Each structure stands twice: as C-alpha cells, then as structure tokens.
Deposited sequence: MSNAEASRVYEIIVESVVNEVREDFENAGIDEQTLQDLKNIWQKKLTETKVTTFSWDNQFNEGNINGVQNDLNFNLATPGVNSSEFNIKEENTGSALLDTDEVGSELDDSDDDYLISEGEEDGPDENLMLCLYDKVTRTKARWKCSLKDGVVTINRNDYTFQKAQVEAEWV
C-alpha cells in the first residue's frame, strides 16, 4: 500500500546511489544509471507424480511467494509454529513488506 511504496522508494534510491561508483570505476557513463532506474520504476508501476516437487516452476503473477529468513523452527505433532523474519510477500497482485512474522501450520 503506502508503506510498501515508500520502502520500495528507499530501496530504489539507495541501490542507484551505491551502484554508480563501480560503473564509473570501469568506464560506464552515468546515462545508464538513469536508463536502468526509469525502466525499472516503470515495470514496478505497471505490474502493480504429485510427490515429486522437482517439476516446480514460477506459475506467474497469480502465485503467492514468501522470501524471508527464519529465526527458529519449533516441532509439534499437529501444530507447526515457525517464527519468520525479513519477508516480502505478494498476494493478489499487491506487495506487503514485514520485518517479522509468525506462521502456524497444521499437519493434516
């Protein structure tokens, strides 16, 4: 929503700033920095047997994926509690960013 857009803007500004030094160190003009940033911004704006899991591929925009870190994992027979950290999630073509999350899972 608002918070996700603001944080994404911090990532954009910080990365574009930090990256330029290596580009200049090797002879790459400052025009490329602008080109990469503008096109990158445009794409963000517009975009917003059964056992064998080896044949797994990104379904597309529809799929919901969590990239996060795990503090620790607890073991229970039915409940599967798990503390998670530093995660960005995308559900129903919307982006929600968090520092920590708690997931409780059920072992059918």
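- Of the deposited sequence, the ranges 1-2, 51-111 have no C-alpha coordinates according to the record.
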